[PDB]
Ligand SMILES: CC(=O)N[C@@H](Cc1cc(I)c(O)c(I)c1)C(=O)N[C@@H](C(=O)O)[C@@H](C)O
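Next comes just one chain, in structure tokens: the form solved without the named molecule.
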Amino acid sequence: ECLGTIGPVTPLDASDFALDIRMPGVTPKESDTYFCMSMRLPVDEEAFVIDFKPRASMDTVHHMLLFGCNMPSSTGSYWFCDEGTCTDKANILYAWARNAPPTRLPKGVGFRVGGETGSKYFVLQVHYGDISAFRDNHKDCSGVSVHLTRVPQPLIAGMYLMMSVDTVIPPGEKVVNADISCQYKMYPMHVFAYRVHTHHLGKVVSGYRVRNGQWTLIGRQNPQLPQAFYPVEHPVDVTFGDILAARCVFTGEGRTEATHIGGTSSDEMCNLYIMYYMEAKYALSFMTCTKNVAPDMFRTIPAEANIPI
């Protein structure tokens, strides 16, 4: 329920506090609606996000996403966001899915936020489902409770985002692959969770670490299944000289015109969010790959990447 008089900040101890990021009592008028809101961090100095607790209605909320960024798309109370979340790069921290219960951060692991370089804002995206549980006209305050601490964490959580930019899916085309690859050139990262994201043309999304020619599965998922962060089968380290490679399999069947990458439901996306940790003294919070630097390498991609899970 809504917090009313106590507000969104709960003190836990001298150095920690819970921040509740909730909808300002909204009432979705249509189904399949996407709401956004923002919260400036209460603290200017560096803090660590070490836990998330969902505060979702168990009937109306389909999924929730939380981001860190410096400039949310809109100011004010709330806005409608078909994942038009931030104006700068939105750094995903958390996904909650109705049908896919989230996995916790490992102990000792946190995202760095605030300070000179970290996110100054959280942006909450809530996707509402069938909205039949709104005939009472009630106000919804679904969201997330975030556990922040100033105690520096020995391990820092980050995001390696792989995304297609140039994909064109001609109408009626049975199979279109969107391939993404980059050489990794940082200190070692350990992947512990992944999220896949396409729109309605996506069949299967797979991500791999390629080392000396060998393909090691990070994650492989049907993007039409709930788009939560799923744990990695085996914590995969990615080290200097490694190549990260991803493939989204698309279809143009059902479409009368070409589908390219874009920000609407009728466009497509090929996103693979690889959540990792790094040693605190080596850590960087975000890396991005929007390229295909080793296209011929995909000829030895495992067969599982081409058949839907």
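All residue numbers refer to positions in the sequence shown, first residue = 1. Rigid core: the largest C-alpha set superposing within 1.5 Å between the two forms. Only residues modelled in both forms are compared.
There is also a form solved in complex with the named molecule; it is not shown, and the following applies to it.
Checked against the named molecule in the deposited complex, the residues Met269, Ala283, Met37, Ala56 give one hit for a heavy atom within 4.5 Å, which is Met269. When you look in the deposited complex, the only residue of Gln224, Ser145, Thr216, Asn177 with a non-hydrogen atom within 4.5 Å of the named molecule is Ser145. Just one listed stretch, out of 216-224, 166-174, 190-198, 133-141, contacts the named molecule in the deposited complex at the 4.5 Å heavy atom level, and that stretch is 190-198. Using a 4.5 Å cutoff between non-hydrogen atoms, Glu257 does not count as a contact of the named molecule in the deposited complex. In the deposited complex, at least one heavy atom of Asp13 sits within 4.5 Å of the named molecule. Interface residue remark: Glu46 is counted as part of the site for the named molecule in the deposited complex, having a heavy atom within 4.5 Å. Under a 4.5 angstroms non-hydrogen atom cutoff, the named molecule in the deposited complex has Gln125 among its neighbouring residues. No residue in the set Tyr160, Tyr208 and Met275 has a non-hydrogen atom no more than 4.5 Å from the named molecule in the deposited complex.
In the deposited complex, the residues of 57-74 lying within 4.5 Å of the named molecule by at least one heavy atom are, in order, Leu65, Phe67. Superposing the rigid core between this form and the one not shown leaves a single residue from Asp237, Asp130, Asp82, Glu173 with a C-alpha shift of at least 2 Å: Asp82. When the two forms are overlaid on the core, a lone consecutive residue run of 3+ whose CA positions all differ by 2 Å or more between this form and the one not shown maps to 82-84.
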